[PDB]
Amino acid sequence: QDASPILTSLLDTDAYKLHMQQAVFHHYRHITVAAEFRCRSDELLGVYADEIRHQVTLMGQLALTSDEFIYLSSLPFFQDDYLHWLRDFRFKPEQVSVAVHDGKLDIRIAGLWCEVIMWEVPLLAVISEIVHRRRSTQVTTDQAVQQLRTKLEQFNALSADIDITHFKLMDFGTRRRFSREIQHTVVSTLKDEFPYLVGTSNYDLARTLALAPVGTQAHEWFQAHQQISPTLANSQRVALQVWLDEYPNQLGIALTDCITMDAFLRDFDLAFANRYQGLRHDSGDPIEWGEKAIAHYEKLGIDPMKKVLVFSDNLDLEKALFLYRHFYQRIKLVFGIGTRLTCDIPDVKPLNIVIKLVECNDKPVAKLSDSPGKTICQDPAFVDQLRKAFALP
């Protein structure tokens, strides 16, 4: 139905959103933030504004169900104070401003971080579904399934000569999925047909398909700490410590490129390297990055085979297999694939859209990374300050 909701579950979002939301609820309940939409491509999405606005209002109706509560209570991640608060949580549509200027979609979101944090993934998934169902009216679940099966055949062919049994794939594709139904179809097909699927970031699919919910933290956790910790140069160490404080023995993958990998390794001391299970790559050459990670573990006396590298920088299954060949004899590996799984249909172009943190406590925050052109920060002075504090060139 035209005006009917695209989203019907509060769990149709990525696990890292709830994992971070709980940390923010426990530690930073009164901190405010602002976040903004960007369309990375040369695309104009202004025409979709009214429909996006309508869906944003609809999201005000989403509410945790009792079955969902019981499911979350079964997992090792959640405390009951948070779960009781989550049961009362409702999106507040007023937090989201949708405007159009020169045909460009402008979306800004502002309010308490523990509330605002929940918008990013479902709002992106709603924008994605709105745009695709308008532009690509002929797409069937069958087309999506057949493309997936062709790729799984190519994967099997290219891996026949190696021990592929340590290959691990995560679905990370909620945000820019072609639609909710396409994601459901491809993830269910993977569970039934691909031994190496280890889980999905989507909490609703983790529950309903009986898969492990995966995902730890995201850049906003590190970025927000740039306006939380008194010392800017320590903001990433504080973010790593507060995460362990919240999750001492679960969710132990640290994202490495809010600043740069080199800066990260300067912060990643023996205690962090022992308590965390592993590291996630999101920018720069993955070969160089993985080698840096392995060498760091060796320098600290840690057996790299007892740690994990997570790769998820807009991967496809072929690139993931190539990375596996390079690293699998030396360290444990997980590969998160996003749009290449949930929006890979003949004659359909994926959208390159994001919603990223721009302020915390009314002050700028930024992600640098090891890839140029990934900075949304519109405060060049702050970016300069951040570079200085982290001793970057």
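Just count from 1 along the sequence shown to find any residue number.
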Compare the mean C-alpha B-factor of 133 to 141 with that of 309 to 317 as given in the PDB entry, and name the stretch with the higher value.
133 to 141
Mean B factor on CA atoms, stretches 238 to 246 and 97 to 105, record says higher is 97 to 105
Based on the PDB entry, the highest CA temperature factor among the options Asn156, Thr189, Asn202, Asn274 is that of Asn156
Deposited CA B-factor, highest of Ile164, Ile117, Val214, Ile302
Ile164
Per the entry's values, where does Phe264 land by CA temperature factor relative to the rest of its chain, in the lowest, middle or highest third?
lowest
Going by the entry, which third of its chain does the Cα temperature factor of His26 land in?
middle
Determine, from the deposited record, the chain-internal third of the Cα B-factor for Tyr48: lowest, middle or highest.
highest
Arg330: CA temperature factor from the record, placed by chain third, in the middle
Place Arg176 in the lowest, middle or highest third of its chain's C-alpha B-factors, as listed in the PDB entry.
lowest
